[PDB]
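Letter by letter, the chains look like this.
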Amino acid sequence: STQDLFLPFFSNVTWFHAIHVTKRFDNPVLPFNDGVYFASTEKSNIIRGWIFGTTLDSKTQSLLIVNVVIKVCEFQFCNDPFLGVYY
Amino acid sequence: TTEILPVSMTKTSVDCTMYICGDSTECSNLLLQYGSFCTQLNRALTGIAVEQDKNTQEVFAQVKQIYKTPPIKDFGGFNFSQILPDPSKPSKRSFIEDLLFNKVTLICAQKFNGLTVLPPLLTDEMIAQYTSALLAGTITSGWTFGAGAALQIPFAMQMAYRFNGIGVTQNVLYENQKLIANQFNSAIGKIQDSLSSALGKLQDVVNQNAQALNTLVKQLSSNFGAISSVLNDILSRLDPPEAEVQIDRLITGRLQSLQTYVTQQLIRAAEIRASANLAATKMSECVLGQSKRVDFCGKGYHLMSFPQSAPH
Amino acid sequence: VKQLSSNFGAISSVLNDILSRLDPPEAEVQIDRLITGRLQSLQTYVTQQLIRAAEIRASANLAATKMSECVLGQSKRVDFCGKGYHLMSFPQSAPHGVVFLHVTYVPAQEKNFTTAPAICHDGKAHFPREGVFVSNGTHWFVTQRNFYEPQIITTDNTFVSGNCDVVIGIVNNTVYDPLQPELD
Amino acid sequence: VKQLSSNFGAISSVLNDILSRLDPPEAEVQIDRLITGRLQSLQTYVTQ
Amino acid sequence: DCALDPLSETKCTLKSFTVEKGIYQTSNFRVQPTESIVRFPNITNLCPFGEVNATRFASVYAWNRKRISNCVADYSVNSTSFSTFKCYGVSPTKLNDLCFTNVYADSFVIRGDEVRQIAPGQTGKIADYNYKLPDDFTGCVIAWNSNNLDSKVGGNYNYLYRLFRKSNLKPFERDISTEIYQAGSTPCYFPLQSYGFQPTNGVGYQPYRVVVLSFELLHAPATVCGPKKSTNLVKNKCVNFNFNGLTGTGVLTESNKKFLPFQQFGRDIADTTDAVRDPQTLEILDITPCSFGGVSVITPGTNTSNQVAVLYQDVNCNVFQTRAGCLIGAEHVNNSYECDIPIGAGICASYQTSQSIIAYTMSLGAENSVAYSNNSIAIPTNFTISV
Ligand SMILES: *[C@@H]1O[C@H](CO)[C@@H](O)[C@H](O)[C@H]1NC(C)=O
Ligand SMILES: *[C@@H]1O[C@H](CO)[C@@H](O)[C@H](O)[C@H]1NC(C)=O
Ligand SMILES: *[C@@H]1O[C@H](CO)[C@@H](O)[C@H](O)[C@H]1NC(C)=O
Ligand SMILES: *[C@@H]1O[C@H](CO)[C@@H](O)[C@H](O)[C@H]1NC(C)=O
Ligand SMILES: *[C@@H]1O[C@H](CO)[C@@H](O)[C@H](O)[C@H]1NC(C)=O
Ligand SMILES: *[C@@H]1O[C@H](CO)[C@@H](O)[C@H](O)[C@H]1NC(C)=O
Ligand SMILES: *[C@@H]1O[C@H](CO)[C@@H](O)[C@H](O)[C@H]1NC(C)=O
Ligand SMILES: *[C@@H]1O[C@H](CO)[C@@H](O)[C@H](O)[C@H]1NC(C)=O
Ligand SMILES: *[C@@H]1O[C@H](CO)[C@@H](O)[C@H](O)[C@H]1NC(C)=O
Ligand SMILES: *[C@@H]1O[C@H](CO)[C@@H](O)[C@H](O)[C@H]1NC(C)=O
Ligand SMILES: *[C@@H]1O[C@H](CO)[C@@H](O)[C@H](O)[C@H]1NC(C)=O
Ligand SMILES: *[C@@H]1O[C@H](CO)[C@@H](O)[C@H](O)[C@H]1NC(C)=O
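Residues numbered from 1 in each chain as written, not as in the entry; some residues may be left out. Chains lettered and ligands numbered in written order. Part of a larger assembly, values for the part shown. Heavy atoms only, no water.

Structure determination for this PDB entry was carried out by cryo-EM, with a resolution of 3.9 Å recorded in the header.

Below, the structure is given as structure tokens:
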């Protein structure tokens, strides 16, 4: 037996969509309460960024994690950060 | 002549975190550095309670049948009206059983510190029903029902048989039947009267248990060398960075009190277990048949016995 | 074994950890708290062992008595060497114990029958020597107590105790006598 | 009787020596250690 | 999981995955308090402290003693700059949460070279001949340097102290007796002596205006309650409560006891609350706490099924009520059998005709009657040998 962070069985978890092919794009700013679980069903490595912090407004030391440059800086982000390659 | 034997004590129970600690959290955390202790304690008390249930179950369950008294009371003049149950009674307990039950005789406050009490598995009605079944079986079948299937037999003939087992030839009983019946009836009257006005063996148990529980309850009122015997008071008056030591002293004291209580309860449970084993053997040897062991089913040459219920 | 890892209020649960991470002049307290806790746990364990050993001693003495009064002879203590009448016993060994085989005689099938204490022959009250009177409706018979083995009431199956009047339930029947048939 | 010469973490196994060398307001701790151990000895004895 | 379902509770308690038929134990039910009633008398006064580096104190030999009563406190806030602030026996940072009792502020002045001499269990000339602190002290020591006033240009000559005293000093007693102390034989040193206050020397030469603020808690009906206003009054719920600083938890009902107007509370056998006097309504109440209960779980054996019927032991309530308590999840039937899972007070649960859990009064075995007559007997004819 253990005493740690776990996902209660049958947890009412949230499901996010990004379906455009209809015109669905929102990956909102999710607060990081103690422990976060992530199960992903993808085909094309869709997830690209992982930003963590408290304010992330170039007014505190902020974390930058992506898929591997991991810079702890004081970043000034914009209203909606996303990435993109061209075809 | 009568014999009085305790068979079970009162089933007690205690919950540590509700007793040592209570409406508090840091106390529970500070106690959590021992928790196998209180698991041991609750396990031992649960073992004692289930042992008491098994103990009564062992003493009073000798019959795999339930025997009923025949409506005709033609037992050769023996008046058993005192010991057989009376339906007119509100409960199903006979006259002498009721007169016993009367001679032997706060709870909320004790309930309000974890000291919950559990009820016995068999209700007094069920126990009286067992005793009535044993009485009817003895009266109507002699002793065969303890070693097989109940066999009818005239009570006078059974008494003549029980004479035959001590060296007195049957013709003595078959000639002095009326005299024997008169002596029997007078003896039953004398015993009911002599109990109608003791039972120390059944009351010292209750008094001892009550005194131990009271001593536990009193223990919470001492400081054990702290600033106050109230966890809520010390919490509202004092800060976590320093109150922890006084709290820990309070746990040490109260835990010691629980440990001593559990040890003494275990010892008394072993004693009562020995006494109930003696009672079970006396049952199986004296009631379910005649015994030739001197001074083990009365005082003198033995003929037969009848068991009556009691409180504990 | 589990009691070792608990802290007992000390900061850590290893003496090496205490002595390394802390200076002995300020770690004696942790050492002493751990020592006290482990002592008291050992005391509780020993007390439990003593009480268990007392119970086991009681059971062992009961087993010895059962052996000496069931195996080394038959016993008349009703329900002490089985359930029923006892004939003989067989012990078996076992891991940390003994196991018994009680061989108990038990009667199963029984008839009716109408009975009476005594027989009024000639004004003499005849009582059974060691048996019981039964009636087969048509006649009376003396039989042993545990088996229906009916026999003729003769003068050696009975004994006299004076007149018929005093006893209640005495029935009027003949008692057969061997001697008179043999006289001629 | 031999559980009288034990120190129980205290400096003097005799209350006389505790009191005659140490002030009541700094000696309660020594008394406390001594009394705890002596009570523990009594508890072991009565249980046995 | 350990706590999502009673089955999870059983598996986590027994450390196994196949639980056998019976009854097993878990934690106990606790009724959480819904709200908290705050009660406190309406005390408008604020104690004076700007007067208690105002202008001038007395020295330590005859130290200024002052009383505090019927006013509110506040430590966040008329005052003086503070070098030190220390509260024994009680948290200095938790004080405004209480209703104090008999608050006394002990005022004087003392040199900066003897700041450390005042504590419960100190010794030396100052703390033995001028002032004295008990060893079970409960109060706050508040100190701050005062060189703005009490160290003159030519030095201060307004304050005195006693050098050596034939007799010691009782805790909280003042020495105001000046006499030529007999150092030896030959009956006749003068006690009261000026100090060395000059701002020309090190800070220890400076006086420190020190006020010793001692007090009591919950010893008598107290009116020094802090800045917390009372709330409304609700009854007949498991609630929290507080009264003149006291805390607690329980259910507040009506009362039937008469009191005397110099007491506050009522204690039971175990030395805990039994009855309470409100500080505003000035009425009497009774306390009956709400923390009670025992939890028991019944299973037909995990091998068979997984539907389980939870038992609650001392709780009034398929929710079936029994002498054994509150049983939830069992179909009570009249049909009586042998015991399968013993409950208490002659009840036994069993997994019978999907099929479910049934609770009933046990049976004592088959009931028959012996055909007794005074002229009939049953004689066996066969045997059985049973090993
Ligand atoms: C939570 O679970 C229930 C399951 O019936 C579901 O109806 C509901 O939409 C879920 N969402 C919420 C409110 O968390
Ligand atoms: C037994 O004695 C009682 C005492 O009054 C009497 O009431 C009752 O009739 C008697 N029973 C028999 C069977 O004689
Ligand atoms: C035999 O018949 C008599 C009279 O009906 C009855 O009392 C007795 O119980 C019967 N015995 C058995 C066991 O068949
Ligand atoms: C004796 O009784 C048995 C059982 O009732 C019966 O079978 C048998 O025929 C009887 N014999 C006589 C002699 O009547
Ligand atoms: C039994 O009692 C009845 C009534 O008193 C009597 O008629 C009968 O003869 C008695 N029987 C025996 C054999 O005891
Ligand atoms: C036996 O004979 C005597 C004398 O005639 C008589 O009094 C008695 O009632 C008879 N008993 C029976 C059972 O027939
Ligand atoms: C305080 O105010 C409350 C509410 O108005 C009132 O009931 C109480 O009598 C007042 N006085 C006291 C005694 O605190
Ligand atoms: C008195 O109060 C004021 C503000 O409330 C504060 O600035 C000042 O420092 C205090 N005075 C003294 C002398 O402590
Ligand atoms: C219990 O388990 C055994 C296998 O160990 C199985 O054969 C039997 O059917 C099971 N009975 C039930 C379903 O309780
Ligand atoms: C509480 O107990 C009473 C006893 O008479 C009962 O009628 C009632 O149903 C029980 N349930 C509740 C919680 O009211
Ligand atoms: C029998 O069980 C039912 C519930 O099925 C209950 O209402 C009733 O009070 C019980 N008692 C009897 C004997 O009717
Ligand atoms: C008695 O019971 C046994 C059972 O093994 C049987 O073999 C035997 O034949 C029976 N005898 C009689 C008398 O019916």
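Still to come is the rest of the account.
**Things to note about the overall build of chain B**
For chain B, the helix and strand inventory stands at 12 helices and 1 strand. Starting at the N terminus and ending at the C terminus, chain B contains elements arranged as α-α-α-β-α-α-α-α-α-α-α-α-α. Against the compact-globule benchmark of 20 Å for 312 residues, chain B has a radius of gyration of 26 Å, which places it well outside the compact range. Structurally, chain B occupies a C-alpha span of about 90 × 35 × 30 Å along its principal axes. When the accessible area of chain B is evaluated, it comes to approximately 13900 Å², of which 57% is carbon and sulfur surface. Counting 25 positive and 24 negative side-chain charges, chain B places the averaged centre of each group 9 Å from the other. (Helix = DSSP H or I, 4+ residues; strand = E, 2+ residues; numbered from the N terminus. Rg over C-alpha atoms; globule rule 2.2 N^0.38 Å. Areas by Shrake-Rupley, 256 points an atom, 1.4 Å probe, with all protein chains shown as cover. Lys, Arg positive; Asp, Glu negative; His and termini not counted. Charge placed at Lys NZ, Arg CZ, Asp CG, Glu CD.)

**Things to note about helix 2 (residues 24-71) of chain C**
Residue and element names in this part refer to chain C. When the terminal C-alpha atoms of helix 2 are compared, their 66 Å separation across 48 residues agrees well with the 70 Å that a helix rising 1.5 Å per residue should span. Those residues of helix 2 that sit buried are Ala 27, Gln 30, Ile 31, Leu 34, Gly 37, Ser 41, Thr 44, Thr 47 and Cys 70. Where helix 2 terminates, the next one or two residues include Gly 73, which has phi positive at roughly 125 degrees. (Expected span 1.5 Å × (residues − 1). Buried < 20%, exposed > 50% of the residue type's maximum accessible area, 1.4 Å probe, protein only.)

**Some points on the site of ligand 8**
Residue and element names in this part refer to chain E. The immediate surroundings of ligand 8 are formed by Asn 78, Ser 79 and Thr 80. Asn 78 has a polar side-chain atom sitting 2.3 Å from an oxygen atom of ligand 8. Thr 80 is positioned with one of its backbone polar atoms (N or O) 3.3 Å from an oxygen atom of ligand 8. (Near = heavy atom within 4 Å. Polar contact = N/O pair within 3.5 Å; in protein donor to acceptor, adjacent residues only side chain to side chain.)

**Examining the side chain of B:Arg162**
Inspection of the secondary structure assignment puts B:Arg162 in helix 7 (residues 155-164). Among buried charged residues, B:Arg162 stands out as having no salt bridge; its nearest opposite-charge side chain is B:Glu285, 12 Å away. (Salt bridge = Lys/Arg side-chain N within 4 Å of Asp/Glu carboxyl O.)

**Quick notes on the packing of aromatic side chains**
By the definition in use, this model includes 36 aromatic pairs over all chains. An aromatic cluster is defined as three or more aromatic residues linked by ring pairs; in this entry it consists of B:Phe75, B:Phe78, B:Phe80, B:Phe155, B:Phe184, B:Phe306 and E:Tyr372. Residue placement shows C:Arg77 over the ring face of C:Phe80; its charged tip is 3.7 Å from the ring centre. (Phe/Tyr/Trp six-rings, centres within 6.5 Å; stacked < 30°, edge-to-face > 60°. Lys NZ or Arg CZ within 6 Å of the ring centre and 35° of its normal.)

**Here we look at the packing of helix 3 (residues 36-60) of chain B against helix 12 (residues 240-287) of chain B**
All names here are of chain B. For the pair helix 3 and helix 12, interaxial distance at closest approach is 10 Å and the crossing angle is 15 degrees. Taken as axis vectors, helix 3 and helix 12 run roughly parallel relative to one another. You can see that helix 3 and helix 12 cross each other, and the crossing is left-handed. Here helix 3 contributes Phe 37, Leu 41, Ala 44, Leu 45, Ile 48, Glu 51, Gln 52, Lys 54, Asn 55 and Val 59 to the contact with helix 12, which in turn contributes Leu 255, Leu 258, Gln 259, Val 262, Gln 265, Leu 266, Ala 269, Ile 272, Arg 273, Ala 276, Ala 280 and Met 283. Its residues assigned to classes, the contact of helix 3 with helix 12 comprises 15 nonpolar, 4 polar and 3 charged. (Axes fitted to C-alpha atoms, helices over the stretch in contact; angles between N-to-C directions. Parallel < 35°, antiparallel > 145°, perpendicular 65-115°, else oblique. Left-handed = near helix turned anticlockwise from the far one by under 90°. Contact = heavy atoms within 4.5 Å. Nonpolar A, V, L, I, M, F, W, Y, C, P; charged D, E, K, R; others polar.)

**Quick notes on the environment of E:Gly22**
All names here are of chain E. You can see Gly 22 is positioned in strand 1 (residues 22-25). For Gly 22, a relative accessible area of 11% puts it in the buried group. With sequence-adjacent residues up to four places away left out, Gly 22 is seen in contact with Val 297, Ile 298, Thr 299 and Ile 341.

**Remarks on the interface of chain E and chain B**
Listed as interface residues are 44 residues of chain E and, on the opposing side, 43 residues of chain B. At the boundary of chain E with chain B, total buried surface from both sides reaches about 4000 Å², with 60% on carbon and sulfur atoms. Area buried by chain E at its contact with chain B is led by E:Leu364, E:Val370 and E:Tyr372, which between them contribute 20% of it. Our count for the contact surface shared by chain E and chain B stands at 1 salt bridge. Of the charged contacts, one joins E:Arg30 and B:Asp15 as a salt bridge, the two residues approaching to 3.9 Å between their closest N and O atoms. Put simply, chain E and chain B have 13 residue pairs in polar contact between them. Counting only elements with at least two residues in the side of chain E that touches chain B, the list comes to strand 10 (246-253) and strand 22 (366-369) of chain E. With 4 residues, the top contributor of residues to the side of chain E that touches chain B is strand 22 of chain E. (Buried area = accessible area lost by both parts, 1.4 Å probe.)

**Here we look at the sheet that holds strand 1 (residues 85-94) of chain C**
Across the sheet, 3 strands lie side by side as 1(C)-2(C)-23(E); this open sheet has antiparallel pairing. The sheet terminates laterally at strand 1 of chain C together with strand 23 (384-386) of chain E, the two strands that pair on one side only. Going across the sheet, the axis of each strand differs from the next one's by a mean of 15 degrees, ignoring polarity. By the bridge criterion, 9 bridges tie strand 1 of chain C to strand 2 (residues 97-106) of chain C in an arrangement that is antiparallel. Opposite C:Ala94, over in strand 2 of chain C, you have C:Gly97 as the bridge partner. (Pairing = 2+ DSSP bridges.)

**Description of helix 9 (residues 177-195) of chain B**
All names here are of chain B. An ideal rise of 1.5 Å per residue puts 27 Å on 19 residues; helix 9 measures up with 27 Å between its terminal C-alpha atoms. Turning to helix 9, its buried residues number three or more, namely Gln 177, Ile 180, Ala 181, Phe 184, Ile 188, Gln 192 and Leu 195. Across the axial projection of helix 9, the buried residues extend over an arc of 105 degrees, all falling on one side. Residues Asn 182, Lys 190 and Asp 193 are exposed on helix 9 and point more than 90 degrees away from its buried face. In this structure, the buried side of helix 9 is in contact with helix 4 (95-103), helix 7 and helix 8 (171-175). (Arc of directions from axis to C-beta.)

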